[PDB]
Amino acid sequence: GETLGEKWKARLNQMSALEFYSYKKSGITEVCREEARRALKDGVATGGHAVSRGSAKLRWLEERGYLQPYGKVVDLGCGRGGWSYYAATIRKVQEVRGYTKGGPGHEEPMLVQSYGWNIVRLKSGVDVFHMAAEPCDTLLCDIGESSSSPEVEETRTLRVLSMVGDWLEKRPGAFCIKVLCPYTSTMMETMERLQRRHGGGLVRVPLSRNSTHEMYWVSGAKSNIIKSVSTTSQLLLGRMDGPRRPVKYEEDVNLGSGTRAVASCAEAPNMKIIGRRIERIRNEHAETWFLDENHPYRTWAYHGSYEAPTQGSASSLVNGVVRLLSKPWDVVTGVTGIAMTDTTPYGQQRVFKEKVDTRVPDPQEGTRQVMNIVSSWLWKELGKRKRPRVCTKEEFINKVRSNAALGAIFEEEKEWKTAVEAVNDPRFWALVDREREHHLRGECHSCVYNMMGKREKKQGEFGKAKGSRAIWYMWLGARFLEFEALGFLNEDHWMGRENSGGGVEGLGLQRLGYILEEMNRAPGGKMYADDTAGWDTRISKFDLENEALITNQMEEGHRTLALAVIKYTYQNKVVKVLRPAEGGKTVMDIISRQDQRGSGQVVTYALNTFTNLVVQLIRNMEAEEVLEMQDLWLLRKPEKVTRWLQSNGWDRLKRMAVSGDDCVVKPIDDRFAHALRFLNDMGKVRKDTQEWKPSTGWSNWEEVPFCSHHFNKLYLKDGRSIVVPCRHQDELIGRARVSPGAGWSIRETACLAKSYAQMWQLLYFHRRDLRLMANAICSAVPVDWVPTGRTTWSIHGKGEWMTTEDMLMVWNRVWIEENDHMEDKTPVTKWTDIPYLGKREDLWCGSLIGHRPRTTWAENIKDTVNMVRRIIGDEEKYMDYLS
């Protein structure tokens, strides 16, 4: 016997177009989305508006008592986030995690600053069917797709309930999952079993058009299932006759704005150390100083806030001359997605809360000892044929570029427009001389960190630009005290390969491949290139204690200055950063922390290299059965560690290649793939993998990623061989066609395009698309125009391409004449003699040789280039690099 709902769907389909239109809204309740859609069309994220209707559905279920949200809220099919953003406003809710399918056709999560947005984490591109269930407190799901055939809605609704059946197996205290088709005979005793097993009932939310029978399976309900589904069918059937009734209008929920207070687990401040700097900042902005009860800092100590103007932008321009010369890539999402990052207060605080506001537990006691042994042995190793020294002011002057950040904080430090101007003002060196005096008296007065978002070219997130990574540096006078105490590590090349065996400091991309090729000649197992997830946030206070052991090899007075710069600046940090507030105003927060590593410290690269070496040196020990599982707690016989280093330490170092946090290790066997107890206990958890799954290695060294590239071995036409770097072509092109500028002129972007083109000729000459596209750009840009900009942030991209000199002449200097891996120094005089990658690897790394749209782009490039010359201006002087 067909159910009442099946007779409702029978009539619903038999209606005509006009019958349907009169019935869809007849007598339903509806929220007022007018004054919300406009603010959302303008970009007003501080308006307290809800991102969709579904937010008002959730409130109705809450007021009635059907839903009691709390704890970790998981929101399957969160859409724009209507359910997630409302959940983050409830008193008992403390974490919101929503997932949705993105891409074309589907809604992507919105970015709004409603109340509690800091506890929200939305992720797109997720298909919840292929997503394993995790424990949670509140489970939300709003995933159906209406159709017209009840056999499809039943099939789709059954498929949904087989997916949420795994999540409910984890016993969530509250849930609200959407049943799209509850009215069929099969769907009724599918729900009858699920109600016996998990409880709750079916509720019909009046904020729903009469054209769907959808009901929500909520936890605070207990109405009988057939009675629930059928009573709704009688309402929907009854509305099909006769008169059309008015729609009742409610007022939309207003979620508010700001952040919400959070449980604090931050370490106890050392107000004897950082107290003077906090007082100095508070007194400077004393007129607007206050304490915000709603600050979002879990693992940083909070000291106060004051009103401040906003900084940064979320805008990203396009390079017109690269975009025209790279037409066939306008349909590749691999390049069209690359756009600048978002450095506004919201843009960085959004990434800060998830990535930098963390707290890794202290390593165990045996671990902490092994670290101390290996680190003290590594400093003694590095400092054998090399001694620490104090660097001078005369050195620091000749090392500040034009774009060295001043970075003042206190009013006395705000007297100069540029850094090179300040370093010539004797008042500047008076502030330094005055600060070092405080250091020698055990105090610190000026050394405070500036934090902000780094401006990069990365793949977008949702529809918009991705949030920004944090960079932090101190004011110029404090950065000099840093330099004269620890700068010897950089200026004396402690981390170079000659001194450390495993370092690579100072080298460029044009030489790293020869190190991996040499590393493959020694015997052993596969190569391993695991990466720590967010390295600068795992540098514990014990990692910092071990780095401070360099001060043992110092003259006593030099040890004093370094310890003042370490005890007051590295082991205690006073950070200044912006945050959005309630109402659109932006505010400055003063926070403090006692672990992690600042990105802009003078010795960041050197110390990250040191600690990463110590990490891989220990992981070799666990893999060779020197350290056991009892050793993590209490170090058994410590003499067994000192002997493994004295016998094999220098050889394992020769088997590595470490640049900062990036590393590649060639162990002696594949036990290194599953030596993880010390790796995890030190906080150095690996990236994009499960915390205990053994790692994967490469049998082929021409595939190992290192410093964002891999390296292939090529052979010049007749004879010699070079080892070149290579990466996926889509991000090389994609970065080149995004211009960082804020309204640049045509001449100025055409210069930025000559930089990406000439860099390609130097490092990626072996990519058929880039070799052609670089000649096309260099033919469309005037010859005498000098390249501007920055085509890479890599410390290994040295920049031999930022020149007007002939590119073939700077090519020979880099790859032949000044390449020590080149016995024969015969010059190369024609580009046609410089080879390509194999047609297989080109395609594998993003090339489009065989595709029709690229074959046409090639044979039209001369006409394409002549069209670009009129756009730069055909009265300029051009050369024909295309032949």
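Quick note: we count residues from 1 along the sequence shown, nothing fancier.
Chemist: Looking at the deposited entry, does 554 to 562 or 779 to 787 carry the larger mean Cα B-factor?
Modeler: Here the higher of the two C-alpha B-factor means belongs to 554 to 562.
Chemist: Per the entry, where is the mean C-alpha temperature factor higher: 600 to 608 or 190 to 198?
Modeler: Comparing 600 to 608 with 190 to 198, the higher mean C-alpha B-factor belongs to 190 to 198.
Chemist: Would you mind checking which of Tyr756, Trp494, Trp692, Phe765 has the top Cα temperature factor in the PDB entry?
Modeler: Spelled out: the listed residue with the top C-alpha B-factor is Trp692.
Chemist: So if I compare the CA B-factors in the entry for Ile668, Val96, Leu752, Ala485, which one is the largest?
Modeler: The record points to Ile668.
Chemist: Classify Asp806 as lowest, middle or highest third according to the C-alpha B-factor given in the PDB entry, relative to its own chain.
Modeler: Answer is lowest: the recorded C-alpha B-factor places it there.
Chemist: Against its chain's modelled residues, does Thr29's Cα B factor rank lowest, middle or highest third?
Modeler: Ranked within chain, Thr29 CA B lands in the middle tercile.
Chemist: Name the third of the chain's ranked CA B-factors that contains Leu255, choosing lowest, middle or highest.
Modeler: Answer is middle: the recorded C-alpha B-factor places it there.
Chemist: Would you mind ranking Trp744 by its C-alpha B-factor against the rest of the chain and naming the third, lowest, middle or highest?
Modeler: Its C-alpha B-factor belongs to the highest third of this chain's values.
Chemist: Within this chain's modelled residues, let me know which third the CA B factor of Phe462 belongs to: lowest, middle or highest.
Modeler: For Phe462, the deposited C-alpha B-factor lands in the highest third.
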